[PDB]
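Below, in structure tokens: the form deposited in one PDB entry, a single chain.
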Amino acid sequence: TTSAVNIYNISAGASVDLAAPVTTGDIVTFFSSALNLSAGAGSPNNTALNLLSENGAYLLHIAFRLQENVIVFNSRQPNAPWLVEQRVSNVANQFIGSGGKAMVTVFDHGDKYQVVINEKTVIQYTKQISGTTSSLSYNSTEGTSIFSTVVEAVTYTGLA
């Protein structure tokens, strides 16, 4: 009955602490003011968007790899190996209908994460780790990111 909107500007390489955590029912949307589908190779990730728990766990890791022409979704506890990674083939195909900008949305359905690029749902991710999101990061491979140097993030919390 009293939802909230929080806006963040995330510079590449940075991690921001959410003024309000993202839990079941809440939403996170990343806005990119540019799209470079022919930027270069990632080491191996050109661009990575992360949702992190209060103790460093990678609730959700989203990685775009041009050289491999794929998108990877994984998770992992702090100082622990990477877990079972789901992948979606064809990067450009997902950004069809972009036009110099893109938005990635993540719905926290509680027991899963729905990832949408623009208007297309790309995957229904099954949570390998549970918990509320308290911080988000935008990591890039030097000079080869498919997104703008600064990505805007909007969270809609306190829905359910």
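Residue numbers run from 1 along the displayed sequence. Shifts are known only where both forms have a C-alpha. Here, rigid core means the biggest group of C-alpha atoms that superpose within 1.5 Å across both forms.
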| item | value |
| --- | --- |
| Mean temperature factor over C-alpha atoms, higher-scoring stretch between 28 to 36 and 96 to 104 | 96 to 104 |
| Mean C-alpha B-factor comparison - 141 to 149 and 9 to 17, higher one | 141 to 149 |
| Top Cα B factor in the deposited entry, candidates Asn69, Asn46, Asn50, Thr133 | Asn69 |
| For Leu159, the third of its chain into which the C-alpha B factor falls | highest |
| Relative C-alpha B-factor of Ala41, binned into the chain's lowest, middle or highest third | highest |
| Relative C-alpha B-factor of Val91, binned into the chain's lowest, middle or highest third | highest |
| Third of chain Cα B-factors occupied by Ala57 | middle |
| Chain thirds of CA B-factor: placement of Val122 | middle |
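Absent from the display: the form deposited in another entry. The rest refers to it.
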query	finding
Residue among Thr126, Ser43, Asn118, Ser135 whose Cα moves 2 Å or more between this form and the one not shown, once the rigid core is superposed	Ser43
In that other deposited form, shift in Cα separation for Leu136 relative to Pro44, 3 Å or more	farther
Note on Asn45-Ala20 C-alpha separation in that other deposited form, which departs from the shown form by 3 angstroms or more	farther
Displacement runs between this form and the one not shown, C-alpha, 2 Å or more, three or more consecutive residues, core aligned	38 to 45, 141 to 143
